[PDB]
Amino acid sequence: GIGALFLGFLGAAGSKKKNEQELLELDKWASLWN
(Lines give C-alpha, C1' and ligand atoms only; values in the text may rest on other atoms or scores of the structure.)
Protein backbone atom coordinates (compact mmCIF):
# COMPACT_ATOMS: atom_id res chain seq x y z
CA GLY A 1 0.00 0.00 0.00
CA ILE A 2 1.02 3.59 -0.64
CA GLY A 3 -0.20 4.56 2.80
CA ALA A 4 1.61 1.68 4.45
CA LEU A 5 4.82 2.52 2.64
CA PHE A 6 4.46 6.17 3.58
CA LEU A 7 3.49 5.41 7.16
CA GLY A 8 6.67 3.36 7.44
CA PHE A 9 8.52 6.29 5.90
CA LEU A 10 7.69 8.55 8.82
CA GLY A 11 9.78 6.18 10.89
CA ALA A 12 12.85 7.33 9.00
CA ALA A 13 11.51 10.87 9.10
CA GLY A 14 12.66 10.92 12.71
CA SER A 15 16.23 11.25 11.50
CA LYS A 16 15.32 14.21 9.32
CA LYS A 17 18.11 16.28 10.83
CA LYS A 18 24.96 10.34 9.42
CA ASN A 19 24.98 9.88 5.66
CA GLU A 20 24.06 12.54 3.13
CA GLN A 21 21.91 9.83 1.61
CA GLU A 22 19.28 10.93 4.10
CA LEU A 23 19.25 14.31 2.38
CA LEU A 24 16.80 12.53 0.11
CA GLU A 25 14.14 13.18 2.73
CA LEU A 26 15.73 16.53 3.51
CA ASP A 27 14.82 17.84 0.08
CA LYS A 28 11.65 15.78 0.25
CA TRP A 29 10.38 17.64 3.29
CA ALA A 30 12.25 20.83 2.50
CA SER A 31 10.69 20.55 -0.94
CA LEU A 32 7.71 22.14 0.77
CA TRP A 33 9.59 25.41 0.52
CA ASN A 34 9.54 25.17 -3.25
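Asks: Sorry if this is basic, but what is going on with a nonpolar patch on the surface here?
Replies: Together, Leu5, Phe6, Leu7, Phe9 and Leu10 line one region of the surface with nonpolar side chains, adding up to about 510 Å² of accessible area. As for its position among the elements, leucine 5 is in helix α1 (residues 2-13). A relative accessible area of 59% places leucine 5 in the exposed class.

Asks: Looking at this structure, I do not really get the side chain of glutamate 22. What am I missing?
Replies: By the element assignment, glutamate 22 lies in the loop between α1 and α2 (23-30). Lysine 16 provides the closest opposite charge to the buried, unpaired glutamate 22, separated from it by 6.8 Å. Those residues in contact with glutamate 22, other than ones at most four positions away along the chain, are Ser15 and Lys16.

Here is what the cut-offs are and how they apply
- Residues numbered from 1 in each chain as written, not as in the entry; some residues may be left out.
- Heavy atoms only, no water.
- Patch = residues over 30% accessible without salt bridge, like charges linked within 9 Å, V, L, I, M, F, W, Y side chains within 5 Å.
- Areas by Shrake-Rupley, 256 points an atom, 1.4 Å probe, with all protein chains shown as cover.
- Salt bridge = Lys/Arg side-chain N within 4 Å of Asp/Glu carboxyl O.
- Helix = DSSP H or I, 4+ residues; strand = E, 2+ residues; numbered from the N terminus.
- Buried < 20%, exposed > 50% of the residue type's maximum accessible area, 1.4 Å probe, protein only.
- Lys, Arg positive; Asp, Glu negative; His and termini not counted.
- Contact = heavy atoms within 4.5 Å.

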